[PDB]
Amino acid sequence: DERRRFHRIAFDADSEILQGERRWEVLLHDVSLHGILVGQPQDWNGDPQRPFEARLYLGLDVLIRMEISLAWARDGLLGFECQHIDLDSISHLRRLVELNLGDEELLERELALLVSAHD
């Protein structure tokens, strides 16, 4: 029934998509422990075959940076899956998910699925 391993949280922080030398400001729709949803920008030259980088600017202090790959595009939206993420960024992301899930069992279960993603 539910094919989604990670709960997707409505979130609207200032966001950027990067690829090589190109950048687009995108409108963030949701975020999860393992991906994001954003609005397709107007000048979308994006190459789905190569990796992207996302930057979520939560506040002056906190930046969530991750390597992303385009998982799908439909109806003016772009779904991204998280690949590589630095320790600092995944720590802020885990805190965001934690605070918004509000349930330790739900968190534990999501972290378990994160680790077993490549089993």
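Residues carry their position along the shown sequence, with the first being 1.
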Look up the CA B-factors in the entry and say which stretch, 75-83 or 25-33, has the higher mean. 75-83
Residue stretch of maximal mean CA temperature factor, 55-63 vs 42-50: 42-50
Test of reading the entry: by CA B factor among the chain's modelled residues, which third contains residue 110? middle
Is residue 4 in the lowest, middle or highest third of its chain when residues are ranked by C-alpha B-factor? middle
Sorting by Cα B-factor within the chain, modelled residues only, which third would residue 15 end up in: lowest, middle or highest? middle
